[PDB]
Amino acid sequence: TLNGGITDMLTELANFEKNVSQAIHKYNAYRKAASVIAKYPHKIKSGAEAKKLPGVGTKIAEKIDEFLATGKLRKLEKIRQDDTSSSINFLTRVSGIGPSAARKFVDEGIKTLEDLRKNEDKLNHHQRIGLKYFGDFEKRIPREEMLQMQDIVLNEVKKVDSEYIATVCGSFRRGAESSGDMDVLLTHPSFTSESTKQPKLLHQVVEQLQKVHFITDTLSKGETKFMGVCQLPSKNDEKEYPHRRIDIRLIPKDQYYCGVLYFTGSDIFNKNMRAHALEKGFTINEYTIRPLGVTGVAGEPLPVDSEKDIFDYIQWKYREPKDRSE
DNA sequence: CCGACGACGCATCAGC
DNA sequence: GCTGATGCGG
DNA sequence: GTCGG
Ligand SMILES: Nc1ccn([C@H]2C[C@H](O)[C@@H](COP(=O)(O)CP(=O)(O)OP(=O)(O)O)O2)c(=O)n1
Ligand SMILES: [Mg+2]
Ligand code: NA
Ligand code: NA
Ligand code: NA
């Protein structure tokens with residue numbers, strides 16, 4: 001946190017552009033700048049020093065000079081006083097309310113937590129669950145609790161079918177001391193890129209986790225992605241654990257390394273890595289790395305037997321999960 | 001200057 | 001019912 | 001908002 005003041009500023013600018021302006025590329029530009037500054041191993045002393053880094057241009061350079069001189073940014077100071085911008089920004093903190101819904105609600109006069117509760121009927125199902133657990137989903141999860149949640153998920157999956165393999169990814173796999181949620185990669189030998197030899201593969205896991213009252217609510221659910229809510233069991237007389245967000249992704253077993261690379265993130269690491277793959281003439285998603293022809297069209301999946309193979313194709317030295325937190 | 005900016009699953013909606 | 005576009009999320 | 005070409 002040598003430059004926490006600067007990266008916090010860029011993060012608030014990114015969120016403003018996403019939530020209020022609906023300028024998704026300004027949001028990514030600010031996020032990338034914040035990321036590159038966050039790993040810069042010196043205390044930044046001017047915007048011209050910062051502009052040397054890739055993703056910091058003239059505009060951000062000027063904002064960093066203002067912030068270093070005064071300790072604040074007038075642009076943000078204004079944004080904070082504007083009641084509409086602040087209301088739109090706040091409502092997007094509810095899961096399922098993005099920038100469109102948030103501006104829609106603030107237009108309808110719904111602009112506080114109390115206003116959301118009174119108008120619960122104007123929310124779809126995801127938004128209703130996001131409002132229900134608003135305070136809980138704001139809390140971090142200590143790694144110690146992540147370890148207990150892992151134990152439950154892995155043992156309940158083993159009880160359904162011993163051939164499942166569940167791998168916790170996200171910030172947990174990157175070694176974070178706390179996580180925003182739990183991300184679970186799931187494979188089963190009956191589900192490959194070649195065939196699906198059993199139905200309900202993800203559903204049976206979700207259903208087992210509901211039966212033991214680990215999973216408490218569902219935000220969305222399809223054949224390969226579950227997004228919902230879970231809770232650790234508490235002891236007699238003990239306060240309940242906060243409810244937590246859980247995501248589960250069932251990935252074809254022969255595409256595991258592309259899947260765990262994707263799900264380990266970070267999101268900015270994946271964007272940098274996939275952008276780099278493009279420049280090297282490949283495309284990477286959670287299933288495959290494929291070459292690009294002269295026309296630009298993706299070819300056939302390349303053989304992959306490790307995360308490191310994916311790095312090798314695009315001529316990157318391997319980075320362990322813990323060094324992917326960008 | 002200018003196009004490009006990672007890639008995709010699920011929910012919801014318009015239009016048929 | 002479907003396909004395609006959009007919002008929102010990972 | 002930034003960048004490579
Ligand atoms: N725009 C995105 C968002 C996510 N992902 C991938 C990479 C990310 O680590 C994983 C879980 O995301 P999450 O939303 O769970 C974020 P994570 O890195 O796990 O940190 P926490 O806040 O502690 O949960 O999904 C991606 O590729 N592109
Ligand atoms: Mg996560
Ligand atoms: Na730069
Ligand atoms: Na939201
Ligand atoms: Na999150």
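Any value given below was found using the heavy atoms of this structure, including those in side chains, with hydrogens, waters and symmetry copies removed. In what follows, every chain begins at residue 1, and chains take the letters A, B, ... in the order their sequences are listed.
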From the candidates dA7(B), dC8(C), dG9(C), the one with an atom nearest any side-chain atom of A101(A) is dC8(C)
Hey, does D181(A) reach any base, or is it just sugar-phosphate, or nothing, if we go heavy atoms under 4.0 Å? nothing
Secondary structure of DNA chain B in dot-bracket form (Watson-Crick or G-U wobble, distances below 3.5 Å, | marking inter-strand pairs): ||.||..|||||||||
To the nearest Å, how far apart are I246(A) CD1 and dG10(C) P? 13 Å
In terms of side-chain heavy atoms of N270(A), which of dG6(B), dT12(B), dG9(C) is nearest? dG6(B)
Apply ring-ring contact (aromatic ring centres under 6.0 Å, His included) to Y257(A) and list each qualifying residue two or more places apart in sequence or on a separate chain. none
Selection from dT12(B), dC8(C), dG9(B) that lies nearest to any side-chain heavy atom of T224(A): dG9(B)
Rounding to a whole Å, what distance do you find between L292(A):CG and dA7(B):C1'? 13 Å
Taking only side-chain N and O atoms of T283(A), does any of them lie within less than 4.0 angstrom of OP1 or OP2 on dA7(B)? yes
Between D217(A) (CG) and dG9(C) (P), how many Å, whole number? 17 Å
Would you say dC8(B) has OP1 or OP2 under 4.0 Å from some side-chain N or O of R249(A)? no
If you count the non-hydrogen atoms of other residues, nucleotides and ligands that lie under 6.0 Å from CD in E223(A), is the total more than 12? no
Should the heavy atoms of other residues, nucleotides or ligands under 6.0 Å from CD of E77(A) be counted, would the total exceed 12? yes
Say we look at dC8(B) and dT2(D): how far apart would their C1' atoms be, to the nearest angstrom? 25 Å
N272(A) atom CG is separated from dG6(B) atom P, nearest whole Å, by 9 Å
With a 4.0 angstrom cut-off to heavy atoms of chain A, pull out the first and last contacting nucleotide of DNA chain D, in 5'-to-3' order. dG1(D) to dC3(D)
May I have the step-by-step check of side-chain contact (heavy atoms from CB on, under 4.5 Å) for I289(A) and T283(A), ending in yes or no? CA-CA 6 Å; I289(A) 181 176; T283(A) 178; over 6 Å; no
Which residues in residues 12-49 of chain A have at least one heavy atom lying under 4.0 Å from any atom of DNA chain D? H25(A), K26(A), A29(A), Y30(A)
Salt-bridge test for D247(A) and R245(A): reply yes if a basic N is under 4.0 Å from a carboxylate O, no otherwise. yes
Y27(A) ring center within less than 6.0 Å of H25(A) ring center: no
Toward the 5' end of DNA chain B, by each residue's nearest nucleotide, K225(A) or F282(A): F282(A)
Heavy atoms from C-beta onward define the side chain here; which of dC10(B), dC8(B), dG10(C) lies closest to that of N285(A)? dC8(B)
If you check the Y287(A) side chain, which of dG7(C), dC8(B), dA11(B) turns out closest? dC8(B)
Can you tell me, in whole Å, how much space there is between the P of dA7(B) and that of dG1(D)? 24 Å
Starting the side chain at C-beta, find the nucleotide from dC8(C), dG9(B), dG6(B) nearest to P99(A). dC8(C)
Exceeds 12 heavy-atom contacts within 6.0 angstrom, atom CD of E300(A): no
Using whole Å, report how far CZ of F105(A) lies from P of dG7(C). 14 Å
Counting any heavy atom closer than 4.0 Å, what does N124(A) reach on the DNA or RNA strands: base, sugar-phosphate only, or nothing? sugar-phosphate
Length of the line joining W316(A):CH2 and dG6(B):P, which is rounded to integer Å: 12 Å
Select base, sugar-phosphate, or nothing to describe what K271(A) touches, counting heavy atoms under 4.0 Å on all strands. base
If you count heavy atoms of other groups shown closer than 6.0 angstrom to NZ of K158(A), is the number above 12? no
Using atom types as modelled, flag every donor-acceptor pair under 3.5 Å from a side chain in residues 55-65 of chain A to any protein atom, sequence neighbours excluded.
from   : atom 1 : to     : atom 2 : distance (Å)
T58(A) : OG1    : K51(A) : NZ     : 2.5
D65(A) : OD1    : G47(A) : N      : 3.0

Tell me, yes or no, whether the heavy-atom count around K72(A) atom NZ, taken from other residues, nucleotides or ligands under 6.0 Å, exceeds 12. yes
Which is true for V94(A) with a 4.0 Å heavy-atom rule: it touches a base, it touches only sugar-phosphate, or it touches nothing? sugar-phosphate
Is NZ or CZ of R143(A) both nearer than 6.0 Å to the six-membered ring centre of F172(A) and within 45° of the ring axis? yes
What integer distance in Å separates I251(A):CD1 from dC8(B):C1'? 11 Å
Flag yes if more than 12 heavy atoms outside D83(A) fall under 6.0 Å of its CG atom; otherwise flag no. no
To the nearest angstrom, how far is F226(A) atom CZ from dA11(B) atom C1'? 15 Å
With a non-hydrogen cut-off below 4.0 angstrom, is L53(A) in contact with a base, only sugar-phosphate, or nothing? sugar-phosphate
Could you list the donor-acceptor pairs under 3.5 angstrom formed by side chains in residues 270-278 of chain A, with sequence neighbours left out?
from    : atom 1 : to      : atom 2 : distance (Å)
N270(A) : ND2    : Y262(A) : O      : 2.8
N272(A) : ND2    : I268(A) : O      : 3.3
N272(A) : ND2    : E326(A) : OE1    : 3.0
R274(A) : NE     : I284(A) : O      : 3.4
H276(A) : NE2    : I314(A) : O      : 3.0
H276(A) : NE2    : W316(A) : NE1    : 3.1

Look at all strands and tell whether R290(A) reaches a base, only sugar-phosphate, or nothing, counting heavy atoms closer than 4.0 Å. nothing
Can you tell me how far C1' in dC5(B) sits from the matching atom in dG5(D), rounded to whole Å? 15 Å
In terms of pucker, with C1'-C2'-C3'-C4' positive for north and negative for south, the sugar of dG1(D) lies south
Can you establish whether the number of heavy atoms outside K45(A) located under 6.0 Å from its atom NZ is more than 12? no
When you check the sign of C1'-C2'-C3'-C4' for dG9(C), do you get north or south? north
